[PDB]
Amino acid sequence: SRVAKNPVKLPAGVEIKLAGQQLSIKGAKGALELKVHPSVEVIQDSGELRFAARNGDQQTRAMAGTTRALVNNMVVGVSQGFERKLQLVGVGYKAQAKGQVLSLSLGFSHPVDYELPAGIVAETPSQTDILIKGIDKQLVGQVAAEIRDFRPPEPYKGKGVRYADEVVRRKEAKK
Amino acid sequence: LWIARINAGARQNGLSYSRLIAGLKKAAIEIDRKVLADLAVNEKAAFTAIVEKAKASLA
Amino acid sequence: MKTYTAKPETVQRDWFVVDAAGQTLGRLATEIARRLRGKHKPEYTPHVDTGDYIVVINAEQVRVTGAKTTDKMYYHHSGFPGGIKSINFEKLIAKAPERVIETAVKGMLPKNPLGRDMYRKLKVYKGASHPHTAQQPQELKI
Amino acid sequence: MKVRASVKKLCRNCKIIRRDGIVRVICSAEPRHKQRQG
Amino acid sequence: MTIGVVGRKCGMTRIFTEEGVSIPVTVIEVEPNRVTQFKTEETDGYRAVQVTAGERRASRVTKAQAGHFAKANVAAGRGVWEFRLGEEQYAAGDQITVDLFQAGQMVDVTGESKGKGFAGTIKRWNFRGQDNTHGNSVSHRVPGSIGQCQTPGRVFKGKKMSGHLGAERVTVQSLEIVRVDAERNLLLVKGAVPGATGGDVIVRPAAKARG
RNA sequence: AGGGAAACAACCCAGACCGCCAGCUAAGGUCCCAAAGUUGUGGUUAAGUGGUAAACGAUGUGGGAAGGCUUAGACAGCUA
RNA sequence: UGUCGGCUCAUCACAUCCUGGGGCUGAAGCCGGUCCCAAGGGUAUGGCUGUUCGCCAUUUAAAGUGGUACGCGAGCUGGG
RNA sequence: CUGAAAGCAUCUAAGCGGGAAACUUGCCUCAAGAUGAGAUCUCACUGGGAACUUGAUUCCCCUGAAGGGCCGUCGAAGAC
Ligand SMILES: [Mg+2]
Ligand SMILES: [Mg+2]
Ligand SMILES: [Mg+2]
Ligand SMILES: [Mg+2]
Ligand SMILES: [Mg+2]
Ligand SMILES: [Mg+2]
Ligand SMILES: [Mg+2]
Ligand SMILES: [Mg+2]
Ligand SMILES: [Mg+2]
Ligand SMILES: [Mg+2]
Ligand SMILES: [Mg+2]
Ligand SMILES: [Mg+2]
Ligand SMILES: [Mg+2]
Ligand SMILES: [Mg+2]
Ligand SMILES: [Mg+2]
Ligand SMILES: [Mg+2]
Ligand SMILES: [Mg+2]
Ligand SMILES: [Mg+2]
Ligand SMILES: [Mg+2]
Ligand SMILES: [Mg+2]
Ligand SMILES: [Mg+2]
Ligand SMILES: [Mg+2]
Ligand SMILES: [Mg+2]
Ligand SMILES: [Mg+2]
Ligand SMILES: [Mg+2]
Ligand SMILES: [Mg+2]
Ligand SMILES: [Mg+2]
Ligand SMILES: [Mg+2]
Ligand SMILES: [Mg+2]
Ligand SMILES: [Mg+2]
Ligand SMILES: [Mg+2]
Ligand SMILES: [Mg+2]
Ligand SMILES: [Mg+2]
Ligand SMILES: [Mg+2]
Ligand SMILES: [Mg+2]
Ligand SMILES: [Mg+2]
Ligand SMILES: [Mg+2]
Ligand SMILES: [Mg+2]
Ligand SMILES: [Mg+2]
Ligand SMILES: [Mg+2]
Ligand SMILES: [Mg+2]
Ligand SMILES: [Mg+2]
Ligand SMILES: [Mg+2]
Ligand SMILES: [Mg+2]
Ligand SMILES: [Mg+2]
Ligand SMILES: [Mg+2]
Ligand SMILES: [Mg+2]
Ligand SMILES: [Mg+2]
Ligand SMILES: [Mg+2]
Ligand SMILES: [Mg+2]
Ligand SMILES: [Mg+2]
Ligand SMILES: [Mg+2]
Ligand SMILES: [Mg+2]
Ligand SMILES: [Mg+2]
Ligand SMILES: [Mg+2]
Ligand SMILES: [Mg+2]
Ligand SMILES: [Mg+2]
Ligand SMILES: [Mg+2]
Ligand SMILES: [Mg+2]
Ligand SMILES: [Mg+2]
Ligand SMILES: [Zn+2]
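Residues numbered from 1 in each chain as written, not as in the entry; some residues may be left out. Chains lettered and ligands numbered in written order. Part of a larger assembly, values for the part shown. Heavy atoms only, no water. Residues with missing side-chain atoms left out of burial classes, pairs and counts.

(A) Examining the overall build of chain E more closely. Per the secondary structure count, chain E includes three helices and 10 strands. Since a compact globule built from 211 residues should have a radius of gyration of about 17 Å, the 23 Å found for chain E marks it as more spread out than a globular shape. Projected onto the principal axes, the alpha-carbon positions of chain E cover approximately 70 × 55 × 40 Å. Buried residues in chain E amount to 31% of all 211 residues. In chain E, 70% of the contacts between residues at least 6 apart in sequence involve partners at least 24 apart. Chain E carries 30 positive and 21 negative side-chain charges, and their two centres are separated by 12 Å. (Helix = DSSP H or I, 4+ residues; strand = E, 2+ residues; numbered from the N terminus. Rg over C-alpha atoms; globule rule 2.2 N^0.38 Å. Buried < 20%, exposed > 50% of the residue type's maximum accessible area, 1.4 Å probe, protein only. Contact = heavy atoms within 4.5 Å. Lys, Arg positive; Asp, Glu negative; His and termini not counted. Charge placed at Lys NZ, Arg CZ, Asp CG, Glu CD.)

(B) Molecular detail of the interface of chain C and chain B. Across the contact, 12 residues belong to chain C and 12 residues belong to chain B. Across the chain C/chain B interface, buried area totals approximately 1000 Å², and carbon plus sulfur atoms make up 60% of it. For the chain C face of the interface with chain B, the top three residues by lost area are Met1, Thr3 and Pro42 of chain C, together amounting to 50%. The interface formed by chain C and chain B includes one salt bridge. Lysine 44 of chain B is the partner of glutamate 43 of chain C in a salt bridge, and the nearest nitrogen-oxygen pair spans 3.1 Å. The interface formed by chain C and chain B holds four residue pairs in polar contact in total. Residues of the side of chain C that touches chain B, tallied by class, amount to five nonpolar, four polar and three charged. (Buried area = accessible area lost by both parts, 1.4 Å probe. Salt bridge = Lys/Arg side-chain N within 4 Å of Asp/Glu carboxyl O. Polar contact = N/O pair within 3.5 Å; in protein donor to acceptor, adjacent residues only side chain to side chain. Nonpolar A, V, L, I, M, F, W, Y, C, P; charged D, E, K, R; others polar.)

(C) Local environment of unusual backbone geometry. You will see that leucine 32 of chain A, though not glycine, has its phi angle at about 65°, which is positive. Secondary-structure assignment places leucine 32 of chain A in the loop between β2 (22–26) and β3 (35–36). At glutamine 37 of chain D, a residue that is not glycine, the phi angle is positive and equals roughly 65°. Note on placement: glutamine 37 of chain D falls in the segment after β4 (35–36).

(D) Structural context of the packing of helix α1 (residues 2–12) of chain B against helix α3 (residues 33–41) of chain B. Residue and element names in this part refer to chain B. At a closest axis distance of 9 Å, the pairing of α1 and α3 adopts a crossing angle of 45°. Put simply, α1 runs oblique to α3. The crossing of α1 and α3 is left-handed. Contact residues: α1 offers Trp2, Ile3, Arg5 and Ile6, while α3 offers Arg33, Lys34, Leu36, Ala37, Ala40 and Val41. Partitioned by chemical class, the residues of the contact of α1 with α3 number seven nonpolar, no polar and three charged. (Axes fitted to C-alpha atoms, helices over the stretch in contact; angles between N-to-C directions. Parallel < 35°, antiparallel > 145°, perpendicular 65-115°, else oblique. Left-handed = near helix turned anticlockwise from the far one by under 90°.)

(E) Spotlight on the protein's contact with RNA strand H. Taken together, 46 residues lie around RNA strand H, and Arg2, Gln59 and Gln138 of chain A together with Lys15 and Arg19 of chain D are the ones closest in. Counting only atoms of RNA strand H within 4 Å of the protein, the sugar-phosphate share comes to 75%. Taking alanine 62 of chain A, its main chain carries an N or O atom lying 2.8 Å from a sugar or linking oxygen of RNA strand H. Here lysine 63 of chain E contributes a backbone N or O atom positioned 3.0 Å from a phosphate oxygen of RNA strand H. (Near = heavy atom within 4 Å.)

(F) View of the pattern of salt bridges. All names here are of chain E. In this structure the tally under the stated criterion is 15 salt bridges over all chains. Residues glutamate 31 and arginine 8 are paired through a salt bridge, measuring 3.9 Å at the closest nitrogen-oxygen approach. Note that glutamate 31 is positioned in the loop between β2 (22–29) and β3 (33–39) and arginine 8 in strand β1 (residues 5–16), a separation of 23 residues in sequence. By relative accessible area, which is 29% here, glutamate 31 ends up partly exposed. The exposure class of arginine 8 is partly exposed, given its relative accessible area of 33%. Between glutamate 82 and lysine 39 there is a salt bridge, and its shortest N-O distance comes to 3.8 Å. Here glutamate 82 is found in strand β5 (residues 80–83), whereas its partner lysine 39 is found in strand β3, with 43 residues between them in sequence.

(G) Structural detail: the pairing of strand β7 (residues 94–98) of chain A. Residues and elements named next belong to chain A. In this sheet, strand β8 (residues 101–105) lies alongside β7 in antiparallel orientation, the contact comprising five bridges. Bridge assignment links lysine 94 to a residue of β8, and that residue is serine 105. Following β7, the chain reverses through two residues before pairing antiparallel with β8; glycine 99 in that reversal takes a positive phi of roughly 65°. (Pairing = 2+ DSSP bridges.)

(H) Inspection of the pairing of β8 of chain A at higher detail. All names here are of chain A. Residues of β8 alternate between two faces, with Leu102 and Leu104 buried on one and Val101, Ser103 and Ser105 left unburied on the opposite face. When β8 meets strand β9 (residues 112–115), the two strands line up antiparallel, connected through four bridges. Within β9, the residue paired with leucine 102 across the bridge is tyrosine 114. The turn joining β8 and β9, which pair antiparallel and follow one another in sequence, is formed by six residues; a positive phi near 90° is taken by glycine 107.

(I) Structural context of the sheet that holds β3 of chain E. All names here are of chain E. In spatial order, the strands read β5-β4-β3-β6; together these four strands make up an open sheet with antiparallel pairing. Both outer strands of the open sheet, β5 and β6 (95–96), are each paired with one neighbouring strand and no more. The sheet contact formed by β3 and strand β4 (residues 48–52) spans five bridges and is antiparallel. Residue pairing in the sheet places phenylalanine 38 in a bridge with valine 49 of β4.

(J) The arrangement of the protein's contact with RNA strand F in detail. Among the 29 residues in the neighbourhood of RNA strand F, the closest are listed as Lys34 of chain B together with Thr3, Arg37, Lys68 and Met108 of chain C. Contact between RNA strand F and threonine 30 of chain C: a base oxygen at 2.8 Å from a side-chain N or O atom of the residue. Among the elements that take part in the surface near RNA strand F, α1 of chain B stands out by supplying five residues, more than any other. In terms of residue class, the surface near RNA strand F is made up of 10 nonpolar, eight polar and 11 charged.

(K) Structural view of helix α4 (residues 44–55) of chain B. All names here are of chain B. Given a rise of 1.5 Å per residue, 12 residues ought to cover 16 Å, and the 16 Å separating the end C-alpha atoms of α4 matches this to within 8%. Listed in full, the buried residues belonging to α4 are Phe47, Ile50, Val51 and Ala54. Viewed end-on, α4 has its buried residues packed into an arc of 100°, placing them on one side of the element. Across from the buried face of α4, at angles greater than 90 degrees, the exposed residues are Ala45 and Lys53. Its buried side turned inward, α4 meets α1, α2 (17–27) and α3. (Expected span 1.5 Å × (residues − 1). Arc of directions from axis to C-beta.)

Structural data, given as structure tokens:
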């Protein structure tokens, strides 16, 4: 476990509270992080966050690295909000963000209304670019993947909503 | 039927059937299962005295 | 000097209450079946009902080990062609929590008129309370 | 996806993964190299 | 569902629209219904209301039923029915008329169908007959085979055989209301209603709705 | 014939003179149906494998004997 | 223990013919090919022949493959 | 999607989602002989003695209610 031997190095403006196996982080631009730990993994409290196991088990060793990743994600989220960038390709493919509803026109017979849950907020700097900001990776990624499912990229022209950092396999018609 | 009754009565005194027979045979007692089953039901005070004799035989 | 036999008229029946709140289904059920039959009494005879009364309170909190929570399957046939019907452990707890404990114990009892009489002394509920405070059951472990 | 009794790597981006007790081959380069079972 | 009225089948007729189309109609007399008992959560479990309609002689109502009809001053009637309501409020002694229905307003009608006595397999189950010629021996309308050889070796339960095209209860769903004659207590329903003339029918709002 | 292998002439144990509400064992067994260890000590399996089946395939898991690189910086990642 | 075919009446398996959900494609679209999941409901009429089968004519979303004493004569027929 | 074992990658090992005419409801009918025999409203009955094998006992006299049936006139109900 190389990752479990690396501390987190929480920045200057953060706050921690360990109620036994219960953990939370306070931060600016977002707070109220919640998580409950399996009883086989330990989080010491000091000026630095460190993790260690309790058993010599294989599964326990695997969980000692997952929790280090999860704690790292919450610390960043309450300081630098995560985001994902979506890109729309195709004629007539435009989207307008209206508060908590994102209106998408993807070549169907009716624009679709996507509801953004609490936390994440979306805004479109253009009509062919989306931005889903948030303070937790799991919710930002899941909602970005839900939007992407409406019209996944085509292999012949790239048409459809895609990730802004995605490689798309392109091929040509044999005809 | 007798074995099923000595088993139920021996566990009231804190011992299984198979451990009671080993203790009885090890020390001295040669009473039948027909009489042991009868003492278990009627004469529960004598049965306890017999069981404490089998327990005291370290078996 | 004949062997003592239990008369169905002068038997003593006590009431016990058991909490199924973290107990394995099959290891809780074997202790219930012993008490229901009377095997724990020196007066046991095979042809009379000489057991005790058992009350189970937290039926829905019984558990199974391994992957049996999903893969354990209950079948029954309705009598019409193609009438085999099935349900698993997760669904049955949601539907009828009591039918889980009742089914386990019922298969550990004899299949005859006396076996069905042993089965009528088992009361299974899903709350933390039972309606038998008059009979004053006493707590039984396992 | 190709279902065979003997699955194995076909190039240098195929990866062997065991997923819910099934051996699968996933390819990051060519989708034609996806396999199941085996 | 959840509320309705009890009526009598008066017979079928037609009405012409100004555009010239004729609509088949079943006329249903709904004598005003009287609430007999209101059932709640703390007394019965489910929620429902109990309703009586019609009128009965004093020598045909027993002392047990007369005292039930007198706890709520209702006066006895033919039959007693109960409607299972989701969330409304009624008090014992109310009146329920055809005035919970409008024109349009798809409804469901329930009644005891006409009784065929002891029907054969052709009439009851739409079996098809064997040959009427070409050598057939006294086996024209008979059912035929009812099983297989040694495998099974017993007829399967649910086999379609003859007997009693019944006077069961059947519902006809999604029937349109054409006219609601409030003063003469009539409901005009487009289409056919189960049962013969004079039988008691139950009218409830359509359960399926949509189309 | 009797006991076991669920039921099961030819398999396993064992060869019924009669009676007994006496004891010890064979094969096979000891959570409940159903007599008898929810016995003790050290490991293995996560597949209900146990409680059916091959060529072949797979970073499942335990044990053993050795090897090639490696604080002169090894193997993965990243900047030329 | 009455042996082919027809008629009446069926019931099950899934190695799926249609309808349903998907991966790959030498998949632009419309139509396709192949594999995976899926048994809820459906699944021709005639000319020839004793025919099952088969070949034809015209349809259909499709005209599935099999087990049931090659299901079914104390249910019919009797062409072979 | 998040994510380590295995600094990478990875839908899985912990955790969180989408997903079909198949499954469970939703629609229609039967259904407390569901011997586990369920629930609600209302109604009827308010006398004496004896023998004991002294209480879920038997015998006699008086008194038979709520209601049900027999009977008759029938019925779009029906083989009876
Ligand atoms: Mg294969
Ligand atoms: Mg899955
Ligand atoms: Mg009639
Ligand atoms: Mg015909
Ligand atoms: Mg003929
Ligand atoms: Mg003749
Ligand atoms: Mg004739
Ligand atoms: Mg026959
Ligand atoms: Mg049979
Ligand atoms: Mg049938
Ligand atoms: Mg034998
Ligand atoms: Mg065998
Ligand atoms: Mg035997
Ligand atoms: Mg012995
Ligand atoms: Mg031995
Ligand atoms: Mg038996
Ligand atoms: Mg035993
Ligand atoms: Mg142990
Ligand atoms: Mg198994
Ligand atoms: Mg097996
Ligand atoms: Mg036919
Ligand atoms: Mg049918
Ligand atoms: Mg079958
Ligand atoms: Mg299949
Ligand atoms: Mg198909
Ligand atoms: Mg399909
Ligand atoms: Mg398809
Ligand atoms: Mg396809
Ligand atoms: Mg099917
Ligand atoms: Mg099928
Ligand atoms: Mg089918
Ligand atoms: Mg079917
Ligand atoms: Mg099915
Ligand atoms: Mg369905
Ligand atoms: Mg034809
Ligand atoms: Mg043809
Ligand atoms: Mg011909
Ligand atoms: Mg066969
Ligand atoms: Mg065959
Ligand atoms: Mg066949
Ligand atoms: Mg045949
Ligand atoms: Mg056949
Ligand atoms: Mg014939
Ligand atoms: Mg024939
Ligand atoms: Mg004949
Ligand atoms: Mg026959
Ligand atoms: Mg005949
Ligand atoms: Mg001839
Ligand atoms: Mg002739
Ligand atoms: Mg990762
Ligand atoms: Mg990933
Ligand atoms: Mg998981
Ligand atoms: Mg879902
Ligand atoms: Mg449909
Ligand atoms: Mg009843
Ligand atoms: Mg009742
Ligand atoms: Mg009367
Ligand atoms: Mg009277
Ligand atoms: Mg009556
Ligand atoms: Mg008559
Ligand atoms: Zn590859």
